[PDB]
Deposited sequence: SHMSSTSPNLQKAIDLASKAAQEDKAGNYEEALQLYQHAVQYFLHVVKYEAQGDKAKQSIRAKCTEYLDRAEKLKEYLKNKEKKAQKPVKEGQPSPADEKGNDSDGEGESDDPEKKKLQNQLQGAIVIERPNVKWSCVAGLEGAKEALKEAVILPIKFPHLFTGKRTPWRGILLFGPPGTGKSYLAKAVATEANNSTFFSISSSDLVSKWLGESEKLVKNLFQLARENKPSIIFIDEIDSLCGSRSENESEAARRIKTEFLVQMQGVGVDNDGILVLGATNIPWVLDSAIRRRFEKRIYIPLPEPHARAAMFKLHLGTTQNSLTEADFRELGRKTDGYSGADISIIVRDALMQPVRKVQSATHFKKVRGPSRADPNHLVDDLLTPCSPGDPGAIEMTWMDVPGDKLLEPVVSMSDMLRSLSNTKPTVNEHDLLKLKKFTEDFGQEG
């Protein structure tokens, strides 16, 4: 329906999962004549691991890289909607279907309606591949589990990958972090999820705006004009502390919209929000993934 645009370079770490998804998804689409007869792409791939390890984000990256294929990102949030889901799949080949939080399935009447998904997997399906993703792979019943013949564990990020993701979640916003800073944020965040890092920087991003909304004084300052970044101007105002040279008793209401110079995102800012959040994952939840990682292996 709509095409994602995530490049390989943008996803941090996950080098192992990239090589397997290249071997299982991308290389067969670009080179169909290699996968003939005995070898054809697996019917469905299952991504499992701790929450916020990039499983869903990795699904968008693999969808962007085939380009020839089409991306149908259906949510975990009705059999005629999936009958046409596979019907529109087979008309446009090659194609892939990502089902985030596929632990959805597996007490209730909706339980009965869950059978419509397995009809399609085993009809003619060649250019269609189903990406499954979940954080609790064990609750999944055996009928779908035997259907994803390839299962990939997405691990917690490594220090280099966490340092990257602190830089990536910043984007183009004004900050004063050095490359040596990002590396230091990697070491201090051991066991932190990918979602956990995204939580930290959004709070750190909100401290400039909080400083503006709370400042009782502003100081005139030089800087690039908000109309043209190439022309330095002098009438800009930035939050100051009540005693700095040039303090003016005024709040953000008295600052014109085009005269505010935003304060930069510090490193102490990011450390201040790092200290206020702790890793979501626990050691118990991971060894339960260890239980799944060995009981069934790849297709058992």
- Where does the model skip over parts of the deposited sequence? 1-127, 205-213, 243-249, 266-268
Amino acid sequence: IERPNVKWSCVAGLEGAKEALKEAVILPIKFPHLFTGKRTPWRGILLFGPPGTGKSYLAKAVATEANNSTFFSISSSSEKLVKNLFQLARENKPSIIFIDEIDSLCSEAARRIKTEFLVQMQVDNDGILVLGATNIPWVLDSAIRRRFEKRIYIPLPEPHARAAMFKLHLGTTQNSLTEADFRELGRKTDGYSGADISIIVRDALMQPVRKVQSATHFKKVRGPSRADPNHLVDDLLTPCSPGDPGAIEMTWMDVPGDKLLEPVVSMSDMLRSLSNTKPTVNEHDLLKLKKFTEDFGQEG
From here on, numbers count along this sequence of modelled residues.
- Query: Comparing 51-59 with 238-246, where is the mean C-alpha B-factor higher?
  - Reply: 238-246
- Note on the structure: Quick note on 204-212 and 137-145: per-entry mean CA temperature factor is higher in 137-145
- Query: Among 121, 168, 197, 156, which carries the highest Cα B-factor?
  - Reply: 121
- From 172, 178, 115, 193, residue of greatest CA B-factor: 115
- Comparing residue 291 with the other modelled residues of its chain, is its CA B-factor in the lowest, middle or highest third? highest
- On the chain's distribution of Cα B-factors, residue 88 falls within the third called highest
- According to the PDB entry, is the CA B factor of residue 228 in the bottom, middle or top third of its chain, that is, lowest, middle or highest? lowest
- Query: When the modelled residues of the chain are sorted by Cα temperature factor, does residue 33 land in the lowest, middle or highest third?
  - Reply: middle
- State the tercile, meaning the lowest, middle or highest third, of residue 80 with respect to the CA B-factors recorded for its chain. highest
